[PDB]
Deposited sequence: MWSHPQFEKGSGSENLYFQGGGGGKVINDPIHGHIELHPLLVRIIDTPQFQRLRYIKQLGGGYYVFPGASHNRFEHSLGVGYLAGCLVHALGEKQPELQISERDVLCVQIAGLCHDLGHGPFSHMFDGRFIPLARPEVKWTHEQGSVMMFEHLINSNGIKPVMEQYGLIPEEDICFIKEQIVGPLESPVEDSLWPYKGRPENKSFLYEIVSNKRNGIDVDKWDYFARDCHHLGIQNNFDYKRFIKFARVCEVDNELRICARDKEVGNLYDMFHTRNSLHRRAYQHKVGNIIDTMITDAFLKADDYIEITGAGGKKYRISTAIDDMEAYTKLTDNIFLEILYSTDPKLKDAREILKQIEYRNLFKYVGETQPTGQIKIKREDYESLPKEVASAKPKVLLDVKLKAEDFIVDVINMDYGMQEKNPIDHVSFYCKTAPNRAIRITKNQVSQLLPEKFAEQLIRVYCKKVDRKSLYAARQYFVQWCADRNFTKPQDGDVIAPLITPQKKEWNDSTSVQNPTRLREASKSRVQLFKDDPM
């Protein structure tokens, strides 16, 4: 049993079972993955990592579930349920890789387009690896938990299911599944909204303690849901204003997103040569460490500096891109487009995108002809739901003018909105 002091939430009280889960290599790993990935290179206040965010989610999940239980004792929320919701909140982000959403949002689709990987699935596998490598099951049993049922409950809270599709808890407790990851209103967003604003200097006027006070479980369409009070909607709209401010000012920051693609580019040029030893001694690459949780345990933002400090000549190309970040010679912005309709470019097809741009035939024939390797195509998703930006690695005014020509034509070819 411990208290951890956090600048966002103050004193965070942790049950002994939560402390045993936290003080493992699988959890402490999150200290080395920056929350905003490459955003730190734009926002110096944004040095925070997934670890303290995870503590905050575990704390918030516990407060909300405990407050529901005290106000409504008929829900039959047990102290076993509370701990399991806290574990899910603590562990929901175990699966993130180097630079957070850059890794599963961009790097893995570009290195292995045929593989389906999410950080959430990663959190389930890391959670299983954490449980199994630290003898956590006996400590769960020691504190009232029933491992087989509750471990499944925790995983379903993180990833969802595989008519009532959940096995960890029955349908009369369906509201427990809305706490950690939802409506789009869960305690995970509460923590990172507040924490990101604190680190970015952005005012945040959503008050989570007030939403907890007035949370109750009601029935809607013969289903139990967490609902807020009547006139408490204003606090709600303040949360959505903070969501949009954060998305507009930080998450979609043009230079932030460029730098992430540069880091990804360096990881790709390094993926053949970095070795990470996993289970039994087997060796893995950055792109295959997701296949072995012992190797994944050792895959963090440190990969950036392993490349940057390396001397192997084979890592020269990767190294040179990171060096371009330090000297601030970044890829150059070409323009932005959106797919019309409800069409979404799928992660599977990211790698094909630069080729399509280089295959466009700009009407006027430009002096400079560019190759698919000179183009970056950055697909920015939100949950306008998809934006597409193109950057060019060639800096000369000549290549940049040509790069815009390929980009403009490519949008027409796919009938995307025309660049402005």
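Absent C-alpha positions map to the deposited sequence ranges 1-23, 186-192, 213-214, 416-454, 492-535, in order along the chain.
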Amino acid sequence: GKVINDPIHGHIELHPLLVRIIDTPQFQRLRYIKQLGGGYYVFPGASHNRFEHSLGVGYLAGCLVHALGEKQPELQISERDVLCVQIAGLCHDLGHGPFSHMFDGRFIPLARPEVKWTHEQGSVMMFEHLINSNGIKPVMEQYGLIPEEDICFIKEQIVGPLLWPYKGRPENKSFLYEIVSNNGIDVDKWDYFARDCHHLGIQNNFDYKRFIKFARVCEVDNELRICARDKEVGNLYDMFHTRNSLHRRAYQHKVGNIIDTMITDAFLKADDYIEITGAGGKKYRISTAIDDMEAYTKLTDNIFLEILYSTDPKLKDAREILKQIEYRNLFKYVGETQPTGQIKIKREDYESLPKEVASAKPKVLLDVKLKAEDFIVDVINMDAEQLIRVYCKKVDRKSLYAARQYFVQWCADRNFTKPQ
From here on, numbers count along this sequence of modelled residues.
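A summary of the deposited B-factors shows that, of 195-203 and 242-250, the stretch with the larger mean C-alpha value is 242-250. When the mean C-alpha temperature factors of 280-288 and 94-102 are read from the deposited coordinates, 280-288 comes out higher. Highest CA B-factor among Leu162, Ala270, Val255, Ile303, as stated in the entry: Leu162.
Taking the deposited Cα B-factors for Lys213, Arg328, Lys314, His129, the highest one is held by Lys213. In the deposited entry, the Cα temperature factor of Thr340 sits in the top third of values across the chain's modelled residues. Sort the modelled residues of the chain by CA B factor and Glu385 lands in the highest third. When the modelled residues of the chain are ordered by their C-alpha B factor, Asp188 lands in the lowest third.
In the PDB entry, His48 places in the lowest third of its chain by CA B-factor.
Placement of the Cα temperature factor of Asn182 within the chain: highest third of the modelled residues, per the deposited record.
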